[PDB]
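# Reading the structure
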Amino acid sequence: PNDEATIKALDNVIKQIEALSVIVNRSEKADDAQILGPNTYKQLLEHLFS
Amino acid sequence: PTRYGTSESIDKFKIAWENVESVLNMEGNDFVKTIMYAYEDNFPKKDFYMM
């Protein structure tokens, strides 16, 4: 058996497993809420007499 | 022995086959590599790995 090939295989395996183990998942999604800007009532016309 | 022996999904086979493919391109193993790639259909990779 050639003893160089197995060293390369071991190195590749170690690199792959440790690269796959450094990835961390962390999301920063915001909320689905609203803002609710200011507002005022609008009056409707009417008629008056006495 | 344990931990995914003969009862594994097919999707796990690629990871195992990667090492064999890497070894089979080591500048001096061309005979077996060529014989494999020429007659893959009659002798599939799964039985070669088992042997």
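Refer to the structure above for everything that follows.
Conventions and cut-offs
Residues numbered from 1 in each chain as written, not as in the entry; some residues may be left out. Chains lettered and ligands numbered in written order. Part of a larger assembly, values for the part shown. Heavy atoms only, no water. Helix = DSSP H or I, 4+ residues; strand = E, 2+ residues; numbered from the N terminus. Rg over C-alpha atoms; globule rule 2.2 N^0.38 Å. Areas by Shrake-Rupley, 256 points an atom, 1.4 Å probe, with all protein chains shown as cover. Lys, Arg positive; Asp, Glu negative; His and termini not counted. Charge placed at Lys NZ, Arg CZ, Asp CG, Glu CD. Buried < 20%, exposed > 50% of the residue type's maximum accessible area, 1.4 Å probe, protein only.

Before going further, it helps to spend a moment on the overall build of chain B. In terms of regular secondary structure, chain B is built from three helices and zero strands. The order of helices and strands in chain B, counted from the N terminus, is α-α-α. Its C-alpha atoms give chain B a radius of gyration of 12 Å, clearly above 10 Å, the size a compact globule of 51 residues would have. Taken along the three principal axes of its C-alpha coordinates, chain B extends 35 × 25 × 20 Å. Looking at chain B as shown, the accessible area adds up to about 4600 Å², and 58% of this sits on carbon and sulfur atoms. Taken as two groups, the 6 positive and 9 negative side-chain charges of chain B have centres that lie 8 Å from each other.

This brings us to the overall build of chain A. On a plain count of helices and strands, chain A comes out with one helix and zero strands. Rg of the C-alpha trace for chain A: 35 Å, well past the compact-globule value of 10 Å for 50 residues, more than 25% over. Counting only residues that meet the buried cut, chain A has 4% of its 50 residues in that class. Approximately 6000 Å² of chain A is accessible, and the part contributed by carbon and sulfur atoms is 58%.

All names here are of chain B. Its identity is not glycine, yet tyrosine 4 carries a phi of approximately 65°, on the positive side. Structurally, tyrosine 4 can be placed in the segment before α1 (13–23). Positive phi, close to 60°, is recorded for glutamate 27, a residue that is not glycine. Among the structural elements, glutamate 27 can be located in the loop between α1 and α2 (30–38).

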